[PDB]
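Summary of the model geometry
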Amino acid sequence: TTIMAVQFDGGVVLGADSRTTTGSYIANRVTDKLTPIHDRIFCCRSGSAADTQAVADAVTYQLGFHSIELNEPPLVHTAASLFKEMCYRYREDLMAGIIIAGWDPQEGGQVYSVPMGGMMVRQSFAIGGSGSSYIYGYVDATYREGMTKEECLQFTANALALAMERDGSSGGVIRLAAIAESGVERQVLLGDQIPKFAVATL
Amino acid sequence: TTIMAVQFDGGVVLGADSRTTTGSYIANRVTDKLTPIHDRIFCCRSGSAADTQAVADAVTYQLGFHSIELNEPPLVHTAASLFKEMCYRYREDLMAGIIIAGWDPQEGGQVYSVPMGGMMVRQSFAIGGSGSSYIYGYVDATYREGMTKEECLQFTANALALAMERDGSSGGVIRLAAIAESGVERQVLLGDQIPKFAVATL
Amino acid sequence: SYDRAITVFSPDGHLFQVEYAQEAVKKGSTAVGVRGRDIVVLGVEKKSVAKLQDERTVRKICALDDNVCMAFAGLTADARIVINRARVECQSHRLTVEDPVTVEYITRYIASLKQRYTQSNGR
Amino acid sequence: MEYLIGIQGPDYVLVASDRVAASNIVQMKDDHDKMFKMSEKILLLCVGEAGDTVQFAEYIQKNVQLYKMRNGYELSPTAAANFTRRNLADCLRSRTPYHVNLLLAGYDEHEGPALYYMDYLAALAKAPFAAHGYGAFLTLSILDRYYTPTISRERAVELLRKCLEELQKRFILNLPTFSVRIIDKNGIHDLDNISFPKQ
Amino acid sequence: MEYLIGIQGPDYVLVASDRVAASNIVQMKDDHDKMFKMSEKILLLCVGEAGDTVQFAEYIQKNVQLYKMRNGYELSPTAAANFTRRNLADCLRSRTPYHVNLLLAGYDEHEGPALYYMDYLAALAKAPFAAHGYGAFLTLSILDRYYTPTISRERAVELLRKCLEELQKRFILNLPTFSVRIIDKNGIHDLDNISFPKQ
Amino acid sequence: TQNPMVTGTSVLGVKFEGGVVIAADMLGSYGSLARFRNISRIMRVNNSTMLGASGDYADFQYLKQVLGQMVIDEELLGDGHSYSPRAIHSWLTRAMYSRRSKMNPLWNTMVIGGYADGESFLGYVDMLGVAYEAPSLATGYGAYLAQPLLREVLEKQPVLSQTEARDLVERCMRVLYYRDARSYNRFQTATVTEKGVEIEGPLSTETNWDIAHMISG
Amino acid sequence: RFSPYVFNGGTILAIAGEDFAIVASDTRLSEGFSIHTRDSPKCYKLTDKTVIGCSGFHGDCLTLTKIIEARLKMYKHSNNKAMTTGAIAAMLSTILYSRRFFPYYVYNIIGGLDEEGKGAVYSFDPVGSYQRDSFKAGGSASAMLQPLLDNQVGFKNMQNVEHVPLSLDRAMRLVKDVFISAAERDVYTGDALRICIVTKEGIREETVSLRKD
Amino acid sequence: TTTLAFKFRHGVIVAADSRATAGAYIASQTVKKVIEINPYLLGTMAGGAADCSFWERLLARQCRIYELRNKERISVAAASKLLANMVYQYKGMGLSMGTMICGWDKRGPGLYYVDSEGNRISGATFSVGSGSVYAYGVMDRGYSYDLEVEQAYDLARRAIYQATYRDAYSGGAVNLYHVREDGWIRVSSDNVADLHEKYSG
Amino acid sequence: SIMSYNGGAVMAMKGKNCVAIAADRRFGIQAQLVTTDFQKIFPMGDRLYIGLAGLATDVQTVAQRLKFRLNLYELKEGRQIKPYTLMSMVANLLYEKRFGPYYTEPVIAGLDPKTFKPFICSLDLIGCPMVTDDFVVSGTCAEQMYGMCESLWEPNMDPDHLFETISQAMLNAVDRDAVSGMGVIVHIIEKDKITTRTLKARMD
Amino acid sequence: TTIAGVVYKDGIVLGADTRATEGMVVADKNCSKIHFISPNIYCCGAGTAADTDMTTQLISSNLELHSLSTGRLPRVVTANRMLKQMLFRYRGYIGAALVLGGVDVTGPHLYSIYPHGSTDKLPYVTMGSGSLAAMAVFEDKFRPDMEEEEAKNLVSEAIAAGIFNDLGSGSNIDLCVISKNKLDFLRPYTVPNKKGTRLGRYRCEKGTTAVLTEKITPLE
Ligand SMILES: [Mg+2]
Ligand SMILES: [Mg+2]
Ligand SMILES: [Mg+2]
Ligand SMILES: [Mg+2]
Ligand SMILES: [Mg+2]
Ligand SMILES: [Mg+2]
Ligand SMILES: [Mg+2]
Ligand SMILES: [Mg+2]
Ligand SMILES: [Mg+2]
Ligand SMILES: [Mg+2]
Ligand SMILES: [Mg+2]
């Protein structure tokens, strides 16, 4: 798996591949790894499908009640906290690598990382999953402060493309999603749409 | 460790970090991981220091005799073969990740990879060692066919810089070396000379 | 669980639920006992020989162990409970300790059971 | 290592056990008794692990006795065997399993003599004759060889005598004396120990 | 399990061993002999692992005999013990180690009676009396208790008699008979087996 | 925690005249990966005590959560009472020990720095509950590379000034960078004095790699 | 995986004389091949006539110590008096036994005066087995200190010697010697040596110096 | 450790060494392995020191309560049975206990052997401890229910000594107790050094 | 552990113009004593003795094989082995078994064959030597023995104040070790004589 | 153990503690850890004492045989080669960690050799349990071309750091200085550890030890 999220002024961009394997067999080459937690909050999942699915439903339930009870749009930081609470509390029984990104009427666009241990940290952009190891150097040399919902949306497309290229545990189609006050728009990049890089020859 | 070699028209560029650890303790932060095998042939070493040192001396001994016996400059492919023979033959008792690059009056500039298994393959550019995993995407999106002894010499400097940034097993100073018919020139990049990339902030 | 306090003290220091229990004992078939030196005896009075009855299934005389036995007077159903509890304690006094049950020990046990039931909620 | 044997006749049941309490390389007790009195016509021959034997045996014991005091009449040897089987089998998958192997010999003034064998797993089987322990391996063939559904107690004590001599011969464990007892319409009768002239 | 005992007197050496060849739960041989004749004044009491005992014993045996044929005169019991020790200790760290424990009893027409004890590790020690096997644990204290540097062979056969009775009492292994032998200025003399009246 | 995940390396602490100073790089390692390069492994526990943690960052965040609530709770009473450095260090030892005794430890080694009543406080706490006070503290590799230097200095001058001390910390944070393969030359420095707790932004140290040019010679 | 124990070293010694009890321990606290601190004595005052020394796993010594302290306060509120050295020892035994199946990796030595005014010393194993002694040492140097005391204080292996009572003065030097000799062979012993002397007058402390290596 | 107890005409004899080790290290040689349960009941110490002391002390507690509740001393069988029961619950958890419970009932001299393994048996003689096999040797060769008091003392005292000889984990001083109908008496307590310069001195 | 299988203790001390060496006498197998008269100190020439502790078999073997070498050395060379040389001889014999060593840590005590020079040393089971001017220990009670030694040894000692010193170190150390003891033996070597006494000790 | 070496303006300095331990007990308070290879080459050894001895002795012996034939003086690379190729051949079973230092026709050379056979050519190195402590001293206070005395003490300061901070190190600090014309093998160089002054008396007075057997034998 390879997940990633980037923060841009009025919103966020989210990307993930669609590969979910059991061993070396792809049980789903079209998985949807970007899960809606609330109207304008999303999370990217890596790790145990059963664990990330079960945890996300739990947070969605928790958050949905919290907002109706307050009659207000929930904070992105809150959604992150609810994942962090479950992921820290049950860290010995879960295998979840999560990234929470979304828009906040109070804090705007934000991205939080909640890796294996259960820790939580806010970042300009985050990357997770097996494939993430192959795109650190890339991402470090490419990330620019002040990118646009477009530059960003393209920046993750390259990073996910590169990672999908080298990691067996990653591949398929690239799913994206941009969130900003206006709302959420999700697109997909099949075959040719996926950035390409020529395999070195003679 | 992070090693790398690139082929450019009349020669080759070679780069490596200077970190050699035992656990998490740096026993040498100034190691010289580029070893001279013959007048214009070099190898980058990663893995067991004792193994790579012992193997390299052995190949140097083997090659030096071969050339005097033929009274001719040795082929880069030959030097690679001598490593591959020892690394395949004793694959169960060695932990060596080797790259052989050099100049050949007959084939010019060349780079060969001889990873753990003992296999041997020629490449436009090669990367090895622990840190290499963090610079695949980078290296794949940056490598350009037709680079110059300068572009290349700078290209590995960035890759090694990035990798050294993320890998605990890599760091120290960046050593380089360019080989072409004319001869061999080795330089070093201390502190500031090492490419830099701003750590993402608010 | 029912926690009401059933047996409580009264203004002058009486425990009516106990005094009432004692009354039920009074309305029971007389029972006498004499201590000899070679044989102790016991007899249960007003056995209301309804004839259509069945002697065995109602003898107010029972054995608890192989060295002890007892007679009672009062609410029939209660006696049963207490009888079979002492019976159990008899065999259990042999599993904890190895020796058998004493004359007094078992009696004390029964007294302790009754006393408890005059100071426990719900009972 | 503990040995138990029982032979059912047409009107009685003869049973015997060794009297050694072993520990490490030494016999710690010269006169150990493997039999337990349950009723006036019932015995429970029990062998096994250090605490499990006594604890369990006495437990089934006091519970059979309790039955006597509660109903006036005793449990039939057939009913006791299924009782003890119920408990042992119920503790098998508990926190307190009992590691014991046993024989239940009894006489019913209506059913006759009965001998039951039981696995520490609580498998229950009725049988004309049976044994437990390594001795069983060296002696069950003898019984198969000389046992007749009509053997009289004179014969039986002789068949037993044979098995017992066999252990003095082939078995590598000392085992000098053996408690012996019979059960018939008149209850549980002792018998002299079968002993062997060793220092 | 095999037992070996030896008591050195002022002019002789008395030694004994059981005669059981055990396997699993049965005695496979009633009359097994743990002693080996090396010289006319030497015996090697050997116990241990299934093949190692005989193989090793006979090996040291035939090599002592060979010495006789090559020089005309025999090896002193003291010299044989250091011989056997040399080999056992030399095989200890070989591919063919021998797992044997032994006693070397001999008489030298110049040095007198001698009793040697040896570890399967090849540790060699001289001693007035000694034993091997579990029996040793139950009987060495007795010897310490009644042994005197001057005990006569009448006494010795009695002290042995005590140790042997102890095993019939505390030890849990059958062990009914015991080969006995003495060695003095006149060689190796047999003796009646010390037996116990068990079927 | 049975298996630490994202961790922080060594932590240093030395006391000086009228205060104590603590240093910790801002690295969150995940095995050999310098994964989170900008996280604070120092915390301000009320005005007279600060804390630095080595080990599992997730657990540290947890302790940071519980300790923060505790301070808040106390502040609500405004009863003129407030946890002292020794108190926080005592509680932490009870906490770490309690968890160790449930076989479910908080995977951290911590340095408690404080100042109260003109006296300097510096305390150590294991995940096993080993705790003690001392003039200088160094966890992780720092205990092999930094503590020998710190002691060396103090065995010849027990009393340092906020400046002499900060000089030593910088020197150590350099040695650590040179030898600890899981360190990062980007740390923080926290100081406590009658004035309070102060934490200093992303710092670094001058590093000298001139020996690199001594391959041949 | 995860061990809930650690060995911090440090030894503890105690002797009882006609009218005094001594409790000594080095002051080094280590782990692995390192030193946590050079100033960490294992001696602690429980009452005006009872001192305890604890060695082993410092995590447990700390917890144990705080448990003992609290329980003495409880005893005081409950019986209106302080705990006699003997009762403290009896109590410590049960406290150690409550962790019978998850032991306090600890070797404690209690030094003080009995109700009769004389000196007393009690030694314990991690799970509460204990007894009273004339003198005893526990901890790493344990086997180093003992032998010299069996000889010097117990006049063992010495023919025709004068069984003179352990003068508090001779004791105090015996203590310093064995600890100075031990500091020579046990890598765990060193830095300093604190002594606590318990008498009718109270508890007095003395700190001798040891090799810092 | 080496302990033993046998009962004859004049009651029950109980002896034991006094050595306690930690691996090969002699940690003490002043161990009182004859536990003075009550002035009417004696117990031995073999296996785990703390394990025996604690439980038997608990037994002392239980016996005292019993006495106060029945105005009768508890019978040896009953006492040993309490101890057996207390201990059986933990079978499999590592308690290490080898002890002999001795006293004088309304049944005469009483001696029971109780294990942390679950064993509990009455017998004439018993030896427990690493050196037990040795003690058995001399004791068995010399035990008679008809031994005279001063004869029984020598036997027991000898057995324990012989053991301290062969068993490396037994030694120190040799303790001896005598259990008489009224109560038990602490017969002797002699160092092994002395006992040597007598058995052969 | 292998080393403590037979138990045992050995010690050597340095006086002014004399040397001492003592050893317990117990030969046991785990808990059980087997012998009380077990030699652990062997004569390797006059004024030169070697003391072997550890595993009984190798004690005997290392000694016998060492004699073998010592004798030939003296037949080829026209002399009597010098202590520093016998030490180097044992250091070679043990290290030839570096990857399957004998389980014994030797102690050497003696006087120069052609000088006063007292000499003592001990070794690794693999032959690493150690020379000191005071004492050396080996066996299952190294710790107990160091205890005594660091509190009873005085720089210069006449034969008698050395004998009384080494005799106390042993008996007291060996009495806090369950597998060492059953009597102690001492050897005091002076340019003129060899005094050999078997001390009075516990037998438990 | 703490062993270290530094390369200064005129030559080389080698340091080393003097403690030897059998487990967690000190067996030797004064072990000699700086070994002699050639007259211009010395080696500090850490690890398995016996291994550090024999390997060091063998290379020495082989070099005396070597220069005895070439007629020239041994080079450091040669000792380095011989040592590393042997250790490598034993895949780490010969537990020898070495700090090799000496002066060549080519100058002063300082190599660090590990038990598995790899070597490091560096201006300053450390080995042993106290190596991290020592290395701290160096990393903090190291300068190229130091003067004899300016190095001769940086090394005794690093061997000191080890001595106090590592339970595996203690006792004395030995040194070795080798320059283009000098070889100062300073055995005790420092001695920051002294046995505390005996506060009591225990001298065993003749007669206190009961004897059971005596036997004398006169020499000549
Ligand atoms: Mg009716
Ligand atoms: Mg059934
Ligand atoms: Mg049940
Ligand atoms: Mg021999
Ligand atoms: Mg052979
Ligand atoms: Mg764990
Ligand atoms: Mg302290
Ligand atoms: Mg040190
Ligand atoms: Mg001589
Ligand atoms: Mg002893
Ligand atoms: Mg003994």
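Conventions and cut-offs
Residues numbered from 1 in each chain as written, not as in the entry; some residues may be left out. Chains lettered and ligands numbered in written order. Part of a larger assembly, values for the part shown. Heavy atoms only, no water. Residues with missing side-chain atoms left out of burial classes, pairs and counts. Helix = DSSP H or I, 4+ residues; strand = E, 2+ residues; numbered from the N terminus. Rg over C-alpha atoms; globule rule 2.2 N^0.38 Å. Contact = heavy atoms within 4.5 Å. Salt bridge = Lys/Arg side-chain N within 4 Å of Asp/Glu carboxyl O. Buried < 20%, exposed > 50% of the residue type's maximum accessible area, 1.4 Å probe, protein only. Pairing = 2+ DSSP bridges. Axes fitted to C-alpha atoms, helices over the stretch in contact; angles between N-to-C directions. Disulfide = S-S within 2.5 Å. Nonpolar A, V, L, I, M, F, W, Y, C, P; charged D, E, K, R; others polar. Core = buried A, V, L, I, M, F, W, Y, C linked by side-chain atoms within 4.5 Å. Parallel < 35°, antiparallel > 145°, perpendicular 65-115°, else oblique. Left-handed = near helix turned anticlockwise from the far one by under 90°. Patch = residues over 30% accessible without salt bridge, like charges linked within 9 Å, V, L, I, M, F, W, Y side chains within 5 Å. Areas by Shrake-Rupley, 256 points an atom, 1.4 Å probe, with all protein chains shown as cover. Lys, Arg positive; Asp, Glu negative; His and termini not counted. Charge placed at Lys NZ, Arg CZ, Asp CG, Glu CD.

For this deposited structure, the header cites X-ray crystallography as the method used and 2.75 Å as the resolution.

1. Focus on the overall build of chain I
The number of helices and strands found in chain I is four helices and twelve strands. Against the compact-globule benchmark of 17 Å for 204 residues, chain I has a radius of gyration of 16 Å, which places it among compact chains. Oriented by its inertia axes, the alpha-carbon framework of chain I measures out at about 45 × 40 × 25 Å. Partitioning the intrachain contacts of chain I with sequence separation of at least 6 by distance along the chain shows that 61% fall at a separation of at least 24.

2. Focus: the interface of chain G and chain F
The partner chain F presents 23 residues to the 25 residues of chain G that form the contact. Looking at the side of chain G that touches chain F, the elements that each hand over two or more residues are β3 (29–31), β4 (34–37) and α1 (58–79) of chain G. Among the elements that take part in the side of chain G that touches chain F, α1(G) stands out by supplying six residues, more than any other.

3. Comments concerning the arrangement of the chains
Ranking the 17 pairs of chains in contact by contact count places chains I and J at the top. These two, chain B and chain D, are apart from each other, with no contact and a minimum C-alpha gap of 46 Å. Chain A shows no contact with chain H. Their nearest C-alpha atoms sit 28 Å apart.

4. Overview of the pattern of salt bridges
If you walk through the whole model with that rule in mind, you get 105 salt bridges over all chains. With its nearest N and O atoms 3.1 Å apart, the salt bridge here joins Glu152(F) to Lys141(J). Linking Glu152(F) in helix α4 (residues 147–154) with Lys141(J) in the loop between α3 (131–140) and α4 (148–152), this pair reaches from one chain into another. With relative accessibility at 26%, the residue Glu152(F) sits in the partly exposed group. Across the pair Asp167(F) and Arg171(F) runs a salt bridge, and its minimum N-O distance is 3.6 Å. With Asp167(F) and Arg171(F) both in helix α5 (residues 162–179) and four residues apart, the pair spans about one turn of that helix. Residue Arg171(F) is classed as partly exposed on the basis of its relative accessible area of 21%. Salt bridges sharing partners connect three or more residues here, namely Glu184(G), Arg185(G), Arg211(G), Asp213(G), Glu150(I), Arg19(J) and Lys29(J).

5. A word on the sheet that holds strand β7 (residues 100–108) of chain E
Residues and elements named next belong to chain E. The strand order across the open sheet built from five strands is β5-β6-β7-β8-β9, with neighbouring strands paired in antiparallel fashion. Edge strands, defined here as strands with exactly one partner in the open sheet, are β5 (35–37) and β9 (124–126). Put simply, the sheet's adjacent strands are angled 20° from each other on average, direction ignored. Strand contacts of helix α1 (residues 52–71): β5, β6 (42–48) and β7, with the helix running at about 160° to β6, the strand carrying the most contacts.

6. Brief notes about the state of the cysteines
Scanning the entire structure with this criterion turns up one disulfide over all chains. A sulfur-sulfur separation of 2.0 Å characterises the disulfide bridge that pairs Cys54(G) with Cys61(G). One quick way to see it: the torsion about the S-S bond of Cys54(G) and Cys61(G) is about -85°, and its sign makes the bridge left-handed. The class of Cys54(G) is buried, set by a relative accessible area of 7%. Unpaired in this structure, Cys43(B) has its nearest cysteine sulfur neighbour in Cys44(B), at a distance of 6.8 Å. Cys44(B) supplies the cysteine sulfur nearest to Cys152(B), a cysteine that is in no disulfide, at a spacing of 14 Å. You can call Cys152(B) buried: its relative accessible area is 1%.

7. Considerations on the pairing of β6(E)
Residues and elements named next belong to chain E. In terms of burial, β6 is a largely internal element, six of the seven residues being buried. The pairing of β5 with β6 spans three bridges and is classified as antiparallel. Across the sheet, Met-35 pairs through a bridge with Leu-45, a residue of β6. Linking β5 back to β6 in an antiparallel pair, the connection comprises four residues. For β6 and β7, the ladder comprises seven bridges, and the chain directions are antiparallel. Across the sheet, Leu-45 pairs through a bridge with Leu-103, a residue of β7.

8. Considerations on unusual backbone geometry
Residues other than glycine seldom take positive phi values, yet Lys51(C) does so here, at roughly 55°. Following the sequence through the fold, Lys51(C) ends up in the loop between β2 (41–44) and β3 (61–63). The class for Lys51(C) is exposed, based on a relative accessible area of 72%. Positive phi, close to 85°, is recorded for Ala122(E), a residue that is not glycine.

9. Considering the interface of chain J and chain I
Where interface size is quoted, it is often the accessible area lost as the parts come together. Each side of the interface is counted separately: chain J has 35 residues, and chain I has 35 residues. Among the secondary structure elements, those contributing two or more residues to the side of chain J that touches chain I are β4 (26–28) and α1 (49–70) of chain J. Ranked by residue count, the leading element in the side of chain J that touches chain I is α1(J), at five residues. Here the side of chain J that touches chain I is built from residues that sort into 17 nonpolar, six polar and twelve charged.

10. So, the nonpolar core
Core analysis: the biggest nonpolar cluster contains 108 residues, and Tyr3(D), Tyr3(E), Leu4(H) and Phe6(H) have the highest contact counts within it. Among the elements that line this core, the one with the most residues is helix α4 (residues 149–166) of chain H, at eight residues.

11. Examining the environment of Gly139(I)
On the secondary structure map, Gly139(I) appears in strand β10 (residues 135–139). Setting aside chain neighbours within four positions, we find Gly139(I) in contact with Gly8(I), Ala9(I), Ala53(I) and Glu105(I).

12. Brief notes about the packing of helix α1 (residues 56–76) of chain I against helix α2 (residues 83–95) of chain I
All names here are of chain I. Between α1 and α2, the shortest axis-to-axis distance is 11 Å and the interhelical angle comes to 125°. With respect to each other, α1 and α2 are oriented oblique. Crossing hand, α1 versus α2: right-handed. On the side of α1, the interface is formed by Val-62, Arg-65, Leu-66, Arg-69, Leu-70 and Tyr-73, while α2 contributes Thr-85, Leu-86, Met-89, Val-90, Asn-92, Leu-93 and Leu-94.

13. Section: a positive patch on the surface
Taken together, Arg108(C), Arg61(H), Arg69(H) and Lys71(H) make up a surface patch of like positive charges. Its relative accessible area of 55% is what places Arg69(H) among the exposed residues.

14. Re the sheet that holds strand β5 (residues 34–38) of chain J
Residues and elements named next belong to chain J. Taken in spatial order, the five strands line up as β5-β6-β7-β8-β9 in an open sheet, and their pairing is antiparallel. At either margin of the open sheet sits one strand with a lone partner, and together these are β5 and β9 (119–121). Pairs of neighbouring strands in the sheet enclose a mean axial angle of 25°, with direction left out of account. Here strand β6 (residues 41–47) pairs with strand β7 (residues 96–103) via seven bridges, running antiparallel. The residue of β7 that forms the bridge with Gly-45 is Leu-98.

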